[PDB]
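Residue numbers (the deposited numbering): 36 to 501, 515 to 813.
Notes to accompany the following structure.
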Amino acid sequence: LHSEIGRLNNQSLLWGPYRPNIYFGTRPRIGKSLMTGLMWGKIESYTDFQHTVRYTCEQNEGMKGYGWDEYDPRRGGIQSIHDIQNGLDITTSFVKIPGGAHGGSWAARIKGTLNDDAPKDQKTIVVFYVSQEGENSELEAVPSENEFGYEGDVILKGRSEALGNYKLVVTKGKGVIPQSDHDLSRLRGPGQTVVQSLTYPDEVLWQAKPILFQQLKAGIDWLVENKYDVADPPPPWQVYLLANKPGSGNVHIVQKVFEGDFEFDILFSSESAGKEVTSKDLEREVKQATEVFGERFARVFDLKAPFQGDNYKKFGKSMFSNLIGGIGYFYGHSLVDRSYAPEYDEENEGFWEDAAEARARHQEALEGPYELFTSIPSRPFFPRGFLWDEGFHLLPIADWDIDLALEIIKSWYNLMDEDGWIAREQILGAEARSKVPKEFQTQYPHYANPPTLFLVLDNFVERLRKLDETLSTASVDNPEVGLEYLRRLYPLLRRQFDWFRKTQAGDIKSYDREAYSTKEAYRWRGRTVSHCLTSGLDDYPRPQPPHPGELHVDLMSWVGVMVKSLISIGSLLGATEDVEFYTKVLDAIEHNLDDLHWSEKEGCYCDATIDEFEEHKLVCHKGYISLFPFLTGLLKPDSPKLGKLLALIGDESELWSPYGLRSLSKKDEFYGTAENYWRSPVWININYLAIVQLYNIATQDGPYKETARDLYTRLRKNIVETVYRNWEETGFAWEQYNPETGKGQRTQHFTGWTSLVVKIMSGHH
Ligand SMILES: O=[N+]([O-])c1cc(-c2noc(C3CCC3)n2)ccc1NCCCCCCN1C[C@H](O)[C@@H](O)[C@H](O)[C@H]1CO
């Protein structure tokens with residue numbers, strides 16, 4: 036029965052607008068298959084369209100904003116795009132229609148409305164670009180009756196092993212289509228929908244912009260050769276209209292020019308399903324998906340006081356939809372240094388210079404292919420999987436649809452190599468690579484990242500202990529399906545745990561170091577003079593200079609998170625021998641957190657190094673790092689140390705701002721220095737962990753119950769209101785927030801763990 040859910044999940048999830056790197060496109064969860072994408076741009080001159088055309092996501096002064104108003108990857112949703120440059124408010128509605136054997140059907144409506152500023156007679160070029168990869172697959176544009184192009188719909192018929200037979204229609208649409216009275220119209224037509232059917236080697240089909248422009252340039256070259264010139268030139272929009280040439284190929288460009296408002300549909304009909312998809316079908320499924328979305332949100336994300344107001348519901352729906360709407364399918368080779376150069380063991384003083392030397396060998400090479408199905412932090416700036424980010428992304432998503440979240444965990448775990456490594460940053464295929472400087476592509480098998488995905492697993496486990517609707521919870525409602533999932537994953541979890549212990553081990557046994565355990569001690573590999581990227585907290589201050597005897601309290605805590613998870617899941621599976629080992633590791637981490645990292649003098653946890661004199665030294669820098677054993681759920685509720693941390697947490701002159709907790713204390717000498725990334729600003733992911741843990745102390749008999757209850761109340765309020773106010777003013781989720789001004793800063797469209805705010809509002813942890 037397990038593989039029954041599995042099959043239904045696969046069929047449910049296969050199609051999606053799973054290209055969050057572009058404004059709008061579709062692809063299925065198959066490496067080499069059919070992909071679509073949308074392009075549009077005003078044209079007002081002979082040279083403007085190249086600068087105005089939109090395709091890949093960006094965020095600059097020319098774009099007011101854009102994002103998903105509703106979305107569920109099983110059903111589809113609606114996206115809004117507000118484009119200042121092209122004077123256009125666009126809606127793209129996408130809906131899936133279950134059926135047949137090939138993952139069903141889908142449909143999209145593209146609606147564009149000129150805004151108030153745009154010339155009412157604006158000419159907007161619109162392209163629907165379709166490509167198919169695979170050796171034994173075919174796709175063909177049925178030619179038009181009319182001479183120079185299409186008066187009605189464009190029908191592509193295609194076939195592949197993966198999709199069986201299918202038709203993809205781009206409808207005639209509604210809106211004025213301009214008409215040219217130039218001489219050229221005798222050869223090019225007065226103006227109509229056109230199709231070019233082309234073929235290129237499979238691996239470049241993703242390069243839609245250049246492919247398109249190469250075609251436009253050949254049309255213009257043809258104008259020149261054929262005596263169309265500046266003495267009497269055709270209008271711009273006709274100069275940029277491709278000559279109609281439909282046929283068969285692995286690329287099909289469908290182009291329309293509109294004057295004023297426009298709309299058209301795309302209907303993908305799987306032959307193996309019922310009858311084919313119509314526009315009436317699209318409208319009906321669109322209405323139905325909203326109703327369903329509406330009802331799930333109010334049940335799953337029931338906002339509690341003082342956020343019950345409709346303004347906060349709208350806010351929550353925006354933050355949620357953007358997070359789950361960023362879900363992508365990525366496919367291809369990634370770039371990995373597999374030298375395991377000895378310099379990467381970072382055993383010497385000065386190891387960062389050695390490691391640079393090894394990086395200068397450039398032994399990295401492409402490997403795979405791999406696939407990933409994942410949510411992403413940022414459509415415009417980093418539309419790809421990041422390992423500890425996904426732990427945060429899946430917490431609201433798991434509420435919504437636990438089976439989807441397990442899907443994404445499974446996809447991430449399927450990347451793990453034989454040693455237990457998963458690269459922190461998944462840049463799959465040339466399309467993904469295009470967005471990323473060559474110097475930052477290389478992944479390193481010695482680089483860890485926080486195992487925040489175990490948090491999602493912990494949530495799953497609690498739920499397991501205590515048709516699209518049915519499917520979304522199948523893995524918790526069917527206990528045996530749940531345990532079977534956990535059974536197949538468990539070895540990989542254990543693999544990762546061991547990998548942490550082998551690759552990120554700290555050195556106790558060879559300095560003057562006394563502690564309950566000789567084993568438990570950890571140091572993040574990959575540290576430079578000013579950075580520790582693998583920790584997730586890029587530039588939070590660490591011992592200077594970096595040193596092979598460093599120990600990092602955040603890393604030990606993460607290992608604590610992992611043991612606790614392995615205990616639960618191990619118990620569920622009866623791995624009795626494993627559970628006893630874990631039990632002793634936990635007990636050891638508990639003692640060793642204190643013996644190696646507790647500072648009585650400072651009242652908080654600290655990273656440690658070894659002195660110029662060769663002795664163990666704590667290096668205390670009050671901020672997120674300092675609260676780690678607390679944030680990761682490792683302290684007993686009665687713990688005096690906890691109490692001291694609650695004081696640090698609440699102290700306005702250290703961490704507590706009106707806007708959330710400061711990454712670093714105002715008292716720290718590194719406050720607001722250098723790039724100031726993790727050296728003062730307020731970060732929603734760490735604030736979320738604080739909030740969940742405060743709530744935990746607050747809902748149990750103990751000495752800090754009422755302190756935690758007050759801090760919980762205030763911090764929930766602070767964090768939610770800061771994120772909300774910024775969204776209200778700017779339309780955006782931001783990456784971090786300024787503790788002096790409350791302004792969002794760094795990157796916009798960060799959905800992205802900022803969206804945790806929906807879970808903070810809905811509460812009851
Ligand atoms: O495309 N870009 O090169 C690019 C461009 C801009 C940019 N800003 O403005 C503009 C112009 C002017 C207006 C438009 N461009 C900003 C960033 C990037 N790329 C950075 C790649 C790595 C990001 C990691 C984020 N984050 C760090 C955290 O610390 C980790 O913890 C966490 O895991 C990780 C993932 O969330």
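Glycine residues also receive a C-beta, built at the ideal position from the N, C-alpha and C atoms.
Just list the beta strand (DSSP E) runs in the segment 62-139, keeping only unbroken ones of 3 residues or longer that don't cross its boundaries, in chain order.
-> Within the segment 62-139, the complete beta strand (DSSP E) runs of at least 3 residues are 69-77, 98-107, 111-118, 123-132.
Find out if the Cβ-Cβ distance for the pair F59, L48 is shorter than 7 Å.
-> By one-based count along the sequence shown, residue 59 stands at place 24. By one-based count along the sequence shown, residue 48 stands at place 13. Going by C-beta atoms, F59 is not nearer than 7 Å to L48.
Just confirm the distance between the C-beta atoms of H813 and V740, as a whole number of angstroms; I'd bet it's less than 8 Å.
-> Translated into the one-based positions of the sequence shown, residue 813 becomes position 765. Translated into the one-based positions of the sequence shown, residue 740 becomes position 692. About 5 Å separates the two Cβ atoms, so the contact holds.
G344 classed as buried or exposed, judged by whether at least 16 other C-beta atoms fall within 10 angstroms | Residue 344 sits at position 309 when you count from the first residue of the sequence shown. Around the beta carbon of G344, fewer than 16 other beta carbons lie within 10 angstroms, which makes this residue exposed.
Where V289 falls, given that 16 or more other Cβ within 10 Å makes a residue buried | For this step, residue 289 is matched to residue 254 along the sequence shown. By the 10 Å Cβ count, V289 comes out buried.
Which value, in whole angstroms, describes the spacing of the CA atoms of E378 and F386?
-> For the purposes of this step, residue 378 is taken as residue 343 along the sequence shown, with counting starting at 1. For the purposes of this step, residue 386 is taken as residue 351 along the sequence shown, with counting starting at 1. Between the C-alpha atoms of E378 and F386 there is a straight-line separation of about 7 Å.
Going by other Cβ atoms of all chains shown within 10 Å of its Cβ, with 16 needed for buried, is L222 buried or exposed?
-> Position 187 of the sequence shown, counted from the start, is the residue given in the question as residue 222. Around the beta carbon of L222, fewer than 16 other beta carbons lie within 10 angstroms, which makes this residue exposed.
What are the complete beta strand (DSSP E) segments, minimum 3 residues, inside the segment 241-267?
-> List check, beta strand (DSSP E) in window: nothing returned.
Could you have a look at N774 and say whether DSSP puts it in helix, strand or coil?
-> Here residue 774 refers to the residue found at position 726 of the sequence shown. Three-state DSSP puts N774 in a helix.
Please write down, chain order preserved, every residue whose beta carbon lies under 5 Å from a heavy atom of ligand 1.
-> Counting every residue whose Cβ lies closer than 5 Å to a heavy atom of ligand 1, we get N95, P412, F416, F417, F421, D424, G584, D586.
Quick one: what does DSSP say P377 is sitting in, helix, strand or coil?
-> Sequence index remark: in the sequence shown, residue 377 carries index 342 (1-based). In this structure, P377 counts as helix in the three-state DSSP scheme.
Test item: CB-CB of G708 and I767 under 7 Å = Position 660 of the sequence shown, counted from the first residue, corresponds to residue 708. Position 719 of the sequence shown, counted from the first residue, corresponds to residue 767. The criterion of a C-beta distance shorter than 7 Å is satisfied by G708 and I767.
With a 10 Å radius around its C-beta and 16 neighbouring C-beta atoms as the bar for buried, classify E783 as buried or exposed.
-> Within the sequence shown, the letter at position 735 stands for residue 783. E783 should be labelled buried.
Anyone know if the C-beta pair for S215 and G208 falls short of 7 Å?
-> Walking along the sequence shown from the start, residue 215 turns up at place 180. Walking along the sequence shown from the start, residue 208 turns up at place 173. Result no, Cβ atoms of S215 and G208 do not sit closer than 7 Å.
Is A197 helix, strand or coil when you go by DSSP?
-> Start at 1 with the first residue of the sequence shown, and residue 197 comes out as number 162. In the three-state reduction of the DSSP assignment, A197 falls in the coil class, being assigned neither a helical nor a strand state.
Buried or exposed (CB count within 10 angstroms, at least 16 for buried), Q85 | By 1-based counting over the sequence shown, the position of residue 85 is 50. So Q85 ends up on the exposed side.
In this structure, does DSSP put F718 in helix, strand or coil?
-> Within the sequence shown, residue 718 is the residue found at index 670, counting from 1. The answer is coil: DSSP assigns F718 none of H, G, I, E or B.
Inter-residue spacing [alpha-carbon to alpha-carbon] between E39 and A433 | Sequence index remark: in the sequence shown, residue 39 carries index 4 (1-based). Sequence index remark: in the sequence shown, residue 433 carries index 398 (1-based). Those two C-alpha atoms are separated by around 21 Å.
Which full runs of the alpha helix (DSSP H) of 4+ residues lie inside the segment 720-795, going along the chain?
-> The segment 720-795 contains these whole alpha helix (DSSP H) runs: 732-746, 753-778.
Helix, strand or coil: how does DSSP classify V204 here?
-> Residue mapping note: residue 204 aligns to position 169 of the sequence shown, counting from 1. Here DSSP, grouped into helix, strand and coil, assigns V204 to strand.
Local conformation of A278 per DSSP, three classes = Here the question's residue 278 lines up with position 243 in the sequence shown. Under the three-state reduction of DSSP output, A278 falls in the coil class, being neither helix nor strand.
Three-state secondary structure (DSSP) of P527 = Here the question's residue 527 lines up with position 479 in the sequence shown. Secondary structure at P527: helix, using DSSP grouped into helix, strand and coil.
For my contact list, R727 and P787 are in at a C-beta cut-off of 8 Å; report their separation, rounded to the angstrom.
-> If you number the sequence shown from 1, residue 727 lands on position 679. If you number the sequence shown from 1, residue 787 lands on position 739. Their Cβ separation, rounded to whole angstroms, is 11 Å, which puts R727 and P787 out of contact at 8 Å.
How is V312 classed by DSSP in three states: helix, strand or coil?
-> As a first step, residue 312 must be located in the sequence shown, where it is residue number 277. Coil at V312, not helix or strand.
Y366 lies in the beta strand (DSSP E); which residues open and close that run?
-> As a first step, residue 366 must be located in the sequence shown, where it is residue number 331. Counting along the chain, the beta strand (DSSP E) containing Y366 begins and ends at 363-371.
Assign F475 to buried or exposed, taking buried as 16 or more other Cβ atoms, counted over all protein chains shown, within 10 Å of its Cβ.
-> Numbered from 1 along the sequence shown, position 440 holds the residue referred to as residue 475. With fewer than 16 neighbouring CB atoms inside 10 Å of its own CB, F475 falls in the exposed class.
What number of angstroms, rounded off, separates the C-alpha of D389 from the C-alpha of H397?
-> Working through the sequence shown from its first residue, we reach residue 389 at position 354. Working through the sequence shown from its first residue, we reach residue 397 at position 362. Approximately 14 Å, taken between the alpha carbons.
For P63, the nearest candidate out of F408, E402, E93 (CA to CA) = The residue you call residue 63 lines up with position 28 of the sequence shown. Checking every option, the nearest Cα to that of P63 belongs to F408.
By Cβ distance, which residues of its chain are closer than 8 Å to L317, with the 5 residues on each side in sequence left out?
-> What you label residue 317 is simply residue 282 of the sequence shown in a count that begins at 1. Once the five neighbours on either side are set aside, the close Cβ partners of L317 are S128, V130, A142, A143, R144, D300, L302.
Three-pair Cβ contact test at 8 Å for the segment 576-592 versus the segment 557-564 | No, the segment 576-592 does not touch the segment 557-564.
Given a cut-off of 7 Å, decide if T770 and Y785 are closer than it, judged by their beta-carbon atoms.
-> Here residue 785 is taken as the residue at index 737 of the sequence shown, counted from 1. Here residue 770 is taken as the residue at index 722 of the sequence shown, counted from 1. Cβ atoms of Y785 and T770: closer than 7 Å.
Are the segment 184-198 and the segment 233-244 touching, with three or more C-beta to C-beta distances below 8 Å?
-> Touching, no, given that fewer than three Cβ pairs across the two stretches are closer than 8 Å.
Helix, strand or coil: how does DSSP classify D642 here?
-> Here residue 642 refers to the residue found at position 594 of the sequence shown. It is helical.
Between the CA atoms of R319 and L519 - distance to the nearest angstrom | In the sequence shown, residue 519 corresponds to position 471, counting from 1. In the sequence shown, residue 319 corresponds to position 284, counting from 1. Straight-line Cα distance between these residues: approximately 22 Å.
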